[PDB]
Each structure stands twice: as structure tokens, then as C-alpha cells.
Amino acid sequence: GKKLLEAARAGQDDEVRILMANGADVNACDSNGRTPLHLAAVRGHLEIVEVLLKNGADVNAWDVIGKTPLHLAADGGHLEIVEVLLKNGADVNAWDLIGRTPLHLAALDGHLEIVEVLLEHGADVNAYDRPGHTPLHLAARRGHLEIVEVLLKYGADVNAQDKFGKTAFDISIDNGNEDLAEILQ
Amino acid sequence: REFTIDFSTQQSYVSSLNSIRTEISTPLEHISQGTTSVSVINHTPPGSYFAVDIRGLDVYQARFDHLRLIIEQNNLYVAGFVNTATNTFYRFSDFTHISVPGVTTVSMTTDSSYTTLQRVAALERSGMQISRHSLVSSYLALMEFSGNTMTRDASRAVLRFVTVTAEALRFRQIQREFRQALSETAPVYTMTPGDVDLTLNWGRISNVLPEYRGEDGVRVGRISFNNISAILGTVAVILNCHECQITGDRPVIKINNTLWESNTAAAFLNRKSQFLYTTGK
Amino acid sequence: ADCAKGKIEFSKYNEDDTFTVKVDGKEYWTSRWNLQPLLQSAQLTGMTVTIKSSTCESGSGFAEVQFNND
Amino acid sequence: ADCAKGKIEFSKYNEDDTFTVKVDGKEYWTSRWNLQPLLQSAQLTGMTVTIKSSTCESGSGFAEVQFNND
Amino acid sequence: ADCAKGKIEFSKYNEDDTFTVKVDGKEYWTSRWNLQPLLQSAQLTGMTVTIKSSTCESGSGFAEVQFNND
Amino acid sequence: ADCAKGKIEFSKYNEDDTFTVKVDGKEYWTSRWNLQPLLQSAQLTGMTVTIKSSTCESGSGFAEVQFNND
Amino acid sequence: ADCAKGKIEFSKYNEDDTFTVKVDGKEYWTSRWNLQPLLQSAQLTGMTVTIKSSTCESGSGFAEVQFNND
Ligand code: NA
Ligand code: NA
Ligand code: NA
Ligand code: NA
Ligand code: NA
């Protein structure tokens with residue numbers, strides 16, 4: 001399994017095709033459950049994702065954490081690979097063990113293009129993490145002003161309170177992101 | 001071997017130290033300029049010692065000339081002192097392996113450590129003053145000393161003498177600072193916290209400097225050297241690390257062109273996530 | 001899979017409290033907080049790190065990494 | 001934005017448990033406790049850090065910082 | 001029992017948040033969070049550790065380890 | 001106010017959960033655990049710390065301290 | 001009482017999560033979580049630590065320790 005997941009991570013499309021043609025399993029997990037689709041998705045290798053998916057690799061397949069290829073794509077900012085996963089039936093609102101949606105992850109890492117594509121595919125804008133953290137809280141935290149402005153524009157709840165009562169405005173002040181605080185006024 | 005450390009003038013004093021260094025150590029290839037280097041003590045069997053006759057406390061006079069320090073050569077510790085008038089070697093309890101032929105050996109109950117000496121002396125090295133006058137007083141205390149147990153004044157004398165002999169031999173910094181007290185103005189040398197720290201880090205410094213290959217700096221615990229002149233201006237002689245090792249087996253790690261004692265970096269890189277640390281009470 | 005193996009080229013604490021490292025030319029991030037000091041220590045001391053993960057595309061998450069002094 | 005890039009000139013733990021660093025002549029503070037020892041290790045070792053924030057005015061906050069070696 | 005005594009040959013942060021070290025040719029994992037940086041620092045300095053566990057085969061877990069000055 | 005400036009002479013964790021450092025001949029304590037590793041690291045690396053407080057009385061608590069390499 | 005003052009001869013993370021150091025030939029354990037990295041840093045750098053406790057027999061616990069620079 002290791003060779004097909006190494007090839008996938010390296011984006012080596014002809015090595016993926018040769019291993020597949022020698023009967024390597026398309027769904028082959030590492031330790032921690034990472035499948036070749038997970039590795040391809042995190043590296044943004046579009047061509048590898050399309051050849052894996054057209055060999056019958058499981059689009060929703062979950063790590064031990066409950067991270068799916070659409071989560072790994074989102075974490076990595078890989079817009080085109082997010083779009084092809086969604087167009088092959090990957091669940092937009094898949095939540096990991098700790099309730100994190102792909103919209104939470106995108107928000108967390110500042111990736112405005114995939115925040116916009118996820119929202120347009122029906123991502124739950126106000127989705128609550130286990131400690132009641134919304135995407136707006138993760139994006140006010142980490143100081144991603146552009147994300148915070150794309151949220152708010154799409155009807156994100158500014159009033160929403162985490163498990164400690166703390167708003168998005170609170171968590172910007174506690175991160176000393178004064179421009180985020182201004183934008184949240 | 002016997003050497004003299006002559007306190008008559010700064011010249012005689014530095015000359016004396018340099019002569020000792022040249023005989024008992026060899027310069028590091030990479031930390032040597034002219035004949036001023038960081039040198040590694042040449043290997044000698046444990047128990048090997050050299051005697052240091054203290055001279056010149058009264059400038060250029062053959063007075064106050066009955067004190068000899070016995071220095072274990074491999075580590076430069078002062079194993080004890082000899083009253084040459086009474087032919088008596090007062091040896092610290094941790095140096096029973098040092099035998100001086102021809103003298104009466106008085107094995108003391110007191111060990112040689114600074115922890116002990118400072119306690120018995122009721123004198124901390126940090127801030128300790130040494131002047132020509134206090135070395136004479138120190139000499140007189142040692143010559144008056146008799147007994148198998150150090151007294152406060154004898155301990156104070158040894159603290160002062162170890163500093164200006166063994167520690168100055170190790171550290172050109174101490175040689176430089178202390179030697180001012182030998183000038184005609186007779187100022188007072190005050191041992192600084194930095195001087196104390198050097199003495200406390202000698203083994204660590206010794207383990208690291210041999211690895212130096214011109215890095216932009218050297219960091220050993222609290223000690224920092226930013227260039228070779230800082231190294232040379234500070235350290236003269238190091239242990240032969242071939243108390244060099246505290247734990248582990250990796251002398252150094254080069255980080256951002258600075259040679260770090262690996263233990264030091266390990267000691268601030270062994271923290272877990274701060275949030276978890278503080279909340280996990 | 002072994003996503004990347006090499007020295008950490010840079011690391012970065014992110015606003016979402018995850019931590020990114022660039023290894024062998026690829027960036028990966030982890031949300032595991034205890035990996036922050038572990039990775040920064042590896043970076044400072046020049047350890048070779050092997051980022052391991054189900055998927056290995058640049059910008060992907062990881063929570064398994066091996067550390068070698070060499 | 002990249003607010004400041006350079007070595008940490010001083011760091012400072014504040015009474016409100018935030019932590020300030022001065023980089024390239026500008027001071028920035030962070031309320032992310034995790035960054036405290038990471039910034040101190042970077043300061044100790046002369047890492048070049050890049051303070052990143054949407055607001056770069058000296059005295060403002062940050063929660064994103066890149067750590068580079070020489 | 002004292003399963004392995006020697007330097008850490010490699011360490012590894014695992015997906016399940018446990019941490020593995022290879023000592024005397026055998027891998028051992030621990031779920032003690034506090035041991036992660038302590039083992040990594042031991043590793044970086046070549047500190048000898050003694051892994052103590054009920055079973056000593058490679059793959060065994062441990063919750064006790066001695067950091068030696070050997 | 002700058003209460004003391006200098007290297008840390010000793011540090012001490014007390015049974016009452018306070019952490020004392022002696023700087024420039026004066027002792028101050030803090031119960032911020034965040035400061036323990038920071039202060040001890042400053043101590044073992046010889047950083048110059050500046051203890052700051054509105055309260056500069058000996059034996060008083062502090063929670064503001066600047067760290068400088070020197 | 002000052003039970004022991006000396007360098008840490010070994011440290012050990014115990015199965016009950018307490019942490020033991022051997023100082024002056026006697027073993028002392030502490031359940032104070034904050035002390036683990038500090039004690040290991042002292043061990044790594046050869047700091048003289050002073051174990052203070054109400055009982056000094058080997059096997060006693062402690063919650064107070066001084067970290068000196070000798
Ligand atoms: Na000479
Ligand atoms: Na010589
Ligand atoms: Na070492
Ligand atoms: Na991944
Ligand atoms: Na800012």
C-alpha cells in the first residue's frame with residue numbers, strides 16, 4: 001500500500017498508474033488511515049485525484065481523526081481539488097471527531113477561494129465545533145481579515161458565543177488582531 | 001613540576017601563568033592566535049600535580065615566600081597547600097589520591113569545593129574582593145593555619161588564592177581582571193557574577209570549545225562568545241575532554257552558525273505546548 | 001506514506017493555532033499543539049523530519065512525524 | 001501582511017499573559033500562549049522571524065509568525 | 001522491566017498522539033504527553049534513556065522511563 | 001517600573017506554588033506557570049531579564065518580565 | 001528541610017505520572033507537573049538543585065526545589 005500512497009504524495013501520475021496496473025489497492029491505508037486520495041488531495045495533485053477516483057478510490061474515506069480528502073484539500077488551499085472532490089460526491093459538511101468541518105479548516109488557514117467555493121456548495125456557514133467555535137471564530141482568531149469579510153458577507157453570526165461565552169470580537173482582541181476587531185465592530 | 005606564580009607585577013603574574021599554561025597544555029588548532037590560545041590540558045595520570053610557589057606578594061621581595069599550592073594537573077583544582085617553612089602539605093579530603101613526597105601530609109576533613117570553602121569562609125565568591133593586601137593576609141592566614149580542618153580565614157585565603165591562580169590559569173578573563181590589583185595603584189579586584197559563572201562552566205566550556213571551527217558564536221549555558229577574540233579574551237585553558245560530560249554524548253549543535261553546547265539547547269527545547277503546560281496543573 | 005523527509009526549511013505558527021512546516025519544498029500543517037515545540041526543536045537542531053500521513057499533497061495536514069538527529 | 005522580519009530584539013511576558021516581541025524595531029504582542037516558548041527559543045537562537053498580521057502598526061497584536069533559520 | 005537502555009535512535013509523534021522512540025533497536029510508544037519533549041531533548045543530546053515496561057518487545061508501550069547521565 | 005535587571009542568580013519553585021527568581025540581588029516571585037519555563041530558560045542561557053511590576057518591593061509578585069540575550 | 005543539594009544523577013518519569021530525580025544519592029519524586037521540564041533542564045545542564053521537603057529519606061516526595069547555577 002505504501003508505494004501507491006508515496007507515489008500519490010509525490011504526484012507521480014505514471015507511477016500511480018503502473019502500481020494500480022500491478023494490482024496495488026486504490027484504497028490502501030497507512031497507519032493513521034491516510035489513503036492515496038488523502039495524500040493526493042493534501043498535495044493538490046489534481047491529475048492524481050482524478051485517476052484515483054476513476055480507479056474507484058473512496059472519496060469520503062476517513063483518517064483515524066475523521067479527516068476526509070475534502071478536509072485535507074481545504075486545509076491545503078487546493079481549490080481545484082476541492083471542486084473535483086465535491087463533483088465526485090465528497091460530503092461538504094463532513095465533521096471530524098472534534099466537529100471540524102472543511103469550512104472551519106479553510107477559515108483557520110485563511111484560504112478565501114476555498115471558503116467561497118465551500119459556501120457556494122452548501123457548507124454550513126455557522127457550523128459549531130465541539131467548543132462552540134464557528135468558522136468566524138477560527139478566522140477572527142488566526143487574523144484572516146479577508147476570510148472574516150467573506151464570512152460576514154455570507155450571513156455569518158457575529159453574536160455567536162463559544163463554550164466560554166467568547167464572541168468572534170473577543171477572540172480577535174485576545175489574539176491582538178486590531179484590524180480584525182475593527183472589521184467586526 | 002614546580003612553577004612560580006609571581007605577583008610582583010602584572011607582567012610577572014601573566015608571565016607566570018603563561019609559562020604554566022605552555023608546559024601543561026597544548027593549544028587548540030582552531031582557537032589560537034600567536035602564542036595566545038585556548039589550550040587543552042595535556043593528558044596526565046590522575047594524581048599528577050604541579051606545585052605553584054607563590055611569590056611577589058610584596059613586590060619583588062623574597063618575603064611571604066613559604067606558600068606552595070598543590071594543583072592537580074588534569075583539572076587544575078587546588079588539592080591543598082604546603083607551608084614550606086614547616087614542610088607541611090594540608091590536603092583537601094577529596095584529594096587523598098595526591099601524594100606529595102618529602103612533606104608531612106595533613107589530610108583534612110574539609111573538601112576542596114567552593115560550596116564548602118564558601119561556607120567555612122562565610123564568604124561568597126560573587127563579590128569577593130581580592131587585592132594585593134588581601135593576598136598577603138590570605139598568605140599569613142595559610143601560614144598560621146595548622147590543623148586537619150579548615151578555619152574560616154584559611155578558607156577565605158584558599159578562595160582568594162584559587163581564584164588568582166587556578167581560575168586565572170583557566171580563564172584569561174580572570175587573569176585580566178585580577179591582574180589590575182597588582183598594579184602600583186593597588187586597586188581591588190572584585191569577582192563578578194560573570195567571573196563566577198565562568199568558573200562554574202569550565203567543564204562545559206571545555207567540552208564545547210574543541211568543536212569550534214570558526215562559527216559566529218559559541219553558547220554554553222549562560223556563557224556566550226561572539227567571536228574568537230571573546231573566546232581568547234576569556235578562556236585560556238580547558239580540560240582535556242578526550243567533568244566534560246554532564247549527560248548525553250553530543251558536545252554541540254550548530255544552530256544558525258552558532259556553536260551551542262547541545263545540553264543547553266536541549267534544556268530550552270524540552271518544553272511542551274505552553275498552553276498545555278500552564279493549564280495542566 | 002512518507003510525505004516529506006528533510007530538514008525543516010521554515011516553520012510557522014498560524015492564526016488558527018495550527019503549525020506549518022516546510023520540508024523538502026512542501027508545506028504541511030498540523031493542528032497537534034505538542035508538535036509545535038517538537039517541530040521547532042527539530043528545525044533548530046537540524047533534525048531530519050519525516051512527515052507521514054494518509055495524504056501528502058502540499059498544504060495538507062499531518063499528525064505523524066519522525067525525528068532523526070540524521 | 002508581513003509586518004516585520006528579523007531577529008527578536010527582546011521579548012517580554014506581560015501582566016495580562018500576552019507576550020511581546022520586538023522585531024525590526026517594531027513591537028507586537030500575542031495572546032497565544034503557545035507562542036511564548038517558541039518565540040523565546042527563536043530569540044535565543046537568532047532565528048529570523050516574520051511577524052504576520054492584518055495590522056502591522058507597532059504595538060499591535062499578532063498570532064501568525066514564521067520562523068526561519070539563517 | 002528495564003526493556004532498553006541506550007540512546008534514542010529516532011522518535012516519532014504518532015497519529016493517536018502517542019510518541020514512539022527507538023532504543024536499543026526496539027520501538028516503544030508512550031501516551032504520556034509530558035514525555036514527548038523530554039524524550040526529544042534526550043534524543044537531541046544523546047542522553048541514554050532506560051525504557052521500562054511490562055513487555056519489552058519492539059512495539060510495546062511504556063509509561064516510565066529513566067533519563068540517565070551515561 | 002523596572003524592578004531588577006540582570007541574569008537570574010537562582011530560581012526556585014516553592015510549595016506554595018510560587019516561582020522565585022533572584023535578579024540583581026533581589027528576589028521576586030511569580031505564580032504564572034507560563035513564566036517558569038521562560039524564566040528557567042532565561043536562567044540557564046544567561047539571558048538578561050528585566051523584572052517589571054508596579055510593585056518593585058523585594059519578595060513581591062511580578063508577571064511582567066523582559067528577556068534579552070545581551 | 002533541605003534534603004539534598006547536588007546535580008541530578010538521573011531523572012525518571014514514573015508510571016503514576018510523578019517525576020523522580022536522584023540527588024545526592026537519594027531519590028525524590030514530585031507530582032508537580034510544572035517541574036518536569038525544569039528538572040530535566042537542570043539535569044541536562046548540570047544545575048545544582050536543592051530538594052526541600054518535610055522528609056528527606058530516599059523515596060520522599062517534594063514540591064519545592066531550588067535551581068542554582070553552580
Ligand atoms: Na613566563
Ligand atoms: Na604546551
Ligand atoms: Na553535551
Ligand atoms: Na495529509
Ligand atoms: Na497586528
# chains A, B, ... in the order shown; residues from 1 in each chain; ligands from 1
>>> residues_near_ligand(ligand="ligand 4", cutoff="6 Å", atoms="only C-alpha atoms and all ligand atoms", output="PyMOL selection string")
(chain A and resi 39+42) or (chain C and resi 53-56+60-62)
>>> residues_near_ligand(ligand="ligand 5", cutoff="9 Å", atoms="only C-alpha atoms and all ligand atoms", output="VMD selection string")
(chain A and resid 143 175 to 180) or (chain D and resid 3 28 to 30 51 to 63)
>>> write_last_selection(atoms="N, CA, C and O atoms", output="compact mmCIF listing (two decimals), in the first residue's frame")
# COMPACT_ATOMS: atom_id res chain seq x y z
N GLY A 143 -6.45 35.81 12.62
CA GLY A 143 -6.27 37.12 11.99
C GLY A 143 -6.43 37.15 10.46
O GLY A 143 -5.71 37.88 9.78
N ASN A 175 -6.35 37.80 20.48
CA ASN A 175 -5.23 37.49 19.58
C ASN A 175 -4.47 38.76 19.14
O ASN A 175 -3.49 38.66 18.40
N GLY A 176 -4.90 39.94 19.62
CA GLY A 176 -4.36 41.24 19.26
C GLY A 176 -4.38 41.49 17.76
O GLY A 176 -3.35 41.81 17.16
N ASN A 177 -5.52 41.24 17.12
CA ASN A 177 -5.68 41.46 15.69
C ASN A 177 -6.64 42.64 15.50
O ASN A 177 -7.85 42.47 15.35
N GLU A 178 -6.08 43.84 15.64
CA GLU A 178 -6.85 45.07 15.81
C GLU A 178 -7.64 45.46 14.55
O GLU A 178 -8.71 46.05 14.65
N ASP A 179 -7.15 45.10 13.37
CA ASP A 179 -7.83 45.29 12.09
C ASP A 179 -9.02 44.34 11.93
O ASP A 179 -10.08 44.75 11.45
N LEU A 180 -8.88 43.09 12.38
CA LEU A 180 -9.99 42.15 12.53
C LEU A 180 -11.05 42.66 13.51
O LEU A 180 -12.24 42.51 13.27
N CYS D 3 4.57 41.94 8.69
CA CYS D 3 4.74 43.17 9.42
C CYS D 3 6.17 43.54 9.75
O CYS D 3 6.56 44.72 9.76
N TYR D 28 5.19 43.80 18.82
CA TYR D 28 3.94 43.15 18.51
C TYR D 28 3.70 42.24 19.67
O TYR D 28 4.66 41.77 20.25
N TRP D 29 2.44 41.99 20.00
CA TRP D 29 2.17 41.12 21.14
C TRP D 29 1.22 40.05 20.68
O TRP D 29 0.48 40.24 19.73
N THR D 30 1.24 38.91 21.37
CA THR D 30 0.36 37.84 21.00
C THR D 30 -0.25 37.30 22.24
O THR D 30 0.39 37.26 23.29
N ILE D 51 6.80 38.43 11.58
CA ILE D 51 5.54 38.68 12.25
C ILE D 51 4.52 38.92 11.12
O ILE D 51 4.76 39.76 10.24
N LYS D 52 3.40 38.20 11.15
CA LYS D 52 2.39 38.36 10.13
C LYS D 52 1.08 38.75 10.81
O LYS D 52 0.70 38.14 11.80
N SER D 53 0.43 39.79 10.30
CA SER D 53 -0.84 40.26 10.86
C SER D 53 -1.52 41.11 9.80
O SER D 53 -0.85 41.59 8.89
N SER D 54 -2.84 41.28 9.94
CA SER D 54 -3.57 42.14 9.01
C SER D 54 -3.29 43.59 9.41
O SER D 54 -3.53 44.50 8.63
N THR D 55 -2.80 43.81 10.63
CA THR D 55 -2.48 45.15 11.11
C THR D 55 -1.04 45.16 11.56
O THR D 55 -0.67 44.46 12.51
N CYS D 56 -0.21 45.96 10.91
CA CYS D 56 1.21 45.99 11.22
C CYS D 56 1.77 47.12 12.04
O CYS D 56 3.00 47.23 12.21
N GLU D 57 0.88 47.96 12.56
CA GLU D 57 1.27 49.09 13.37
C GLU D 57 2.02 48.54 14.58
O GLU D 57 1.58 47.55 15.17
N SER D 58 3.13 49.16 14.93
CA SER D 58 3.90 48.69 16.09
C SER D 58 2.93 48.75 17.26
O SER D 58 2.05 49.62 17.30
N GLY D 59 3.05 47.83 18.21
CA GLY D 59 2.13 47.83 19.33
C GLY D 59 0.90 46.99 19.08
O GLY D 59 0.11 46.77 20.00
N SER D 60 0.70 46.51 17.85
CA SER D 60 -0.49 45.71 17.62
C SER D 60 -0.27 44.22 17.88
O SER D 60 0.86 43.79 18.18
N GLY D 61 -1.34 43.45 17.72
CA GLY D 61 -1.24 42.03 18.03
C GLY D 61 -0.91 41.18 16.83
O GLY D 61 -0.99 41.63 15.70
N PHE D 62 -0.51 39.94 17.09
CA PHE D 62 -0.28 39.02 16.00
C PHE D 62 -0.50 37.62 16.55
O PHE D 62 -0.46 37.41 17.75
N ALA D 63 -0.77 36.69 15.66
CA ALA D 63 -0.92 35.29 16.04
C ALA D 63 -0.39 34.44 14.90
O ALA D 63 -0.70 33.26 14.81
>>> calpha_fit_rmsd(fixed="chain E", moving="chain F")
0.8 Å
>>> residues_around(residues="residue D:48", least_positions_apart="6", cutoff="10 Å", atoms="only C-alpha atoms", output="PDB file with N, CA and C atoms, in the first residue's frame")
ATOM      1  N   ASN B 256      22.153  28.139  13.435  1.00  0.00           N
ATOM      2  CA  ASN B 256      22.340  29.485  12.938  1.00  0.00           C
ATOM      3  C   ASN B 256      23.742  30.011  13.122  1.00  0.00           C
TER       4      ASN B 256
ATOM      5  N   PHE C  10      11.231  26.084   7.059  1.00  0.00           N
ATOM      6  CA  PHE C  10      10.744  27.146   7.916  1.00  0.00           C
ATOM      7  C   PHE C  10       9.587  26.540   8.673  1.00  0.00           C
TER       8      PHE C  10
ATOM      9  N   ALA D   4       6.950  42.508  10.055  1.00  0.00           N
ATOM     10  CA  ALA D   4       8.306  42.715  10.490  1.00  0.00           C
ATOM     11  C   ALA D   4       9.019  41.436  10.301  1.00  0.00           C
ATOM     12  N   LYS D   5      10.257  41.548   9.846  1.00  0.00           N
ATOM     13  CA  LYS D   5      11.068  40.357   9.640  1.00  0.00           C
ATOM     14  C   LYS D   5      12.429  40.656  10.230  1.00  0.00           C
ATOM     15  N   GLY D   6      12.969  39.734  11.018  1.00  0.00           N
ATOM     16  CA  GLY D   6      14.276  39.994  11.595  1.00  0.00           C
ATOM     17  C   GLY D   6      14.412  39.179  12.867  1.00  0.00           C
ATOM     18  N   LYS D   7      15.475  39.432  13.609  1.00  0.00           N
ATOM     19  CA  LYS D   7      15.684  38.693  14.840  1.00  0.00           C
ATOM     20  C   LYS D   7      14.900  39.378  15.933  1.00  0.00           C
ATOM     21  N   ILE D   8      14.553  38.622  16.959  1.00  0.00           N
ATOM     22  CA  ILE D   8      13.821  39.174  18.081  1.00  0.00           C
ATOM     23  C   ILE D   8      14.785  39.962  18.905  1.00  0.00           C
ATOM     24  N   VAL D  23      10.726  43.205  16.787  1.00  0.00           N
ATOM     25  CA  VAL D  23      11.348  42.663  15.612  1.00  0.00           C
ATOM     26  C   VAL D  23      11.483  43.833  14.663  1.00  0.00           C
ATOM     27  N   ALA D  42      13.290  30.953  19.549  1.00  0.00           N
ATOM     28  CA  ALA D  42      13.730  31.672  18.343  1.00  0.00           C
ATOM     29  C   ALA D  42      14.684  32.842  18.736  1.00  0.00           C
ATOM     30  N   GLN D  66       6.370  33.312  11.273  1.00  0.00           N
ATOM     31  CA  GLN D  66       7.174  32.318  10.618  1.00  0.00           C
ATOM     32  C   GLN D  66       8.542  32.333  11.276  1.00  0.00           C
ATOM     33  N   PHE D  67       9.135  31.154  11.378  1.00  0.00           N
ATOM     34  CA  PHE D  67      10.452  31.021  11.995  1.00  0.00           C
ATOM     35  C   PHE D  67      11.368  30.479  10.931  1.00  0.00           C
ATOM     36  N   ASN D  68      12.437  31.207  10.639  1.00  0.00           N
ATOM     37  CA  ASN D  68      13.417  30.738   9.667  1.00  0.00           C
ATOM     38  C   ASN D  68      14.771  30.672  10.336  1.00  0.00           C
ATOM     39  N   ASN D  69      15.618  29.755   9.892  1.00  0.00           N
ATOM     40  CA  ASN D  69      16.990  29.738  10.415  1.00  0.00           C
ATOM     41  C   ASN D  69      17.752  30.579   9.389  1.00  0.00           C
ATOM     42  N   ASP D  70      19.050  30.742   9.589  1.00  0.00           N
ATOM     43  CA  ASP D  70      19.865  31.533   8.668  1.00  0.00           C
ATOM     44  C   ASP D  70      19.790  30.888   7.262  1.00  0.00           C
TER      45      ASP D  70
END
>>> residues_near_ligand(ligand="ligand 1", cutoff="7 Å", atoms="only C-alpha atoms and all ligand atoms", output="PyMOL selection string")
chain B and resi 15-19
>>> write_last_selection(atoms="N, CA, C and O atoms", output="short mmCIF file (atom, residue, chain, number, x, y, z; two decimals), in the first residue's frame")
data_model
loop_
_atom_site.label_atom_id
_atom_site.label_comp_id
_atom_site.auth_asym_id
_atom_site.auth_seq_id
_atom_site.Cartn_x
_atom_site.Cartn_y
_atom_site.Cartn_z
N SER B 15 53.17 36.51 33.00
CA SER B 15 54.26 35.66 32.52
C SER B 15 54.22 34.29 33.21
O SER B 15 54.39 33.24 32.56
N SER B 16 54.05 34.33 34.53
CA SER B 16 53.99 33.11 35.33
C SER B 16 52.86 32.23 34.84
O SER B 16 53.04 31.02 34.68
N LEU B 17 51.67 32.81 34.65
CA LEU B 17 50.56 31.97 34.22
C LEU B 17 50.83 31.39 32.83
O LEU B 17 50.57 30.22 32.59
N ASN B 18 51.35 32.23 31.93
CA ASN B 18 51.58 31.76 30.58
C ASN B 18 52.56 30.63 30.56
O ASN B 18 52.40 29.71 29.78
N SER B 19 53.59 30.70 31.41
CA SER B 19 54.60 29.65 31.47
C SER B 19 53.98 28.35 31.93
O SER B 19 54.36 27.28 31.46
#
>>> interface_residues(of="chain C", to="chain B", cutoff="7 Å", atoms="only C-alpha atoms", output="VMD selection string")
chain C and resid 33 to 34 36 to 37 41 44 to 45
>>> residues_near_ligand(ligand="ligand 2", cutoff="8 Å", atoms="only C-alpha atoms and all ligand atoms", output="short mmCIF file (atom, residue, chain, number, x, y, z; two decimals) with C-alpha atoms, in the first residue's frame")
data_model
loop_
_atom_site.label_atom_id
_atom_site.label_comp_id
_atom_site.auth_asym_id
_atom_site.auth_seq_id
_atom_site.Cartn_x
_atom_site.Cartn_y
_atom_site.Cartn_z
CA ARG B 21 49.97 27.00 30.56
CA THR B 22 52.58 26.33 27.97
CA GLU B 23 54.05 23.49 29.95
CA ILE B 24 50.81 21.76 30.88
CA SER B 25 48.65 22.28 27.86
CA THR B 26 48.52 22.34 24.12
CA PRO B 27 46.78 24.98 22.02
CA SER B 39 44.80 25.23 25.26
CA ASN B 42 47.85 17.58 28.21
#
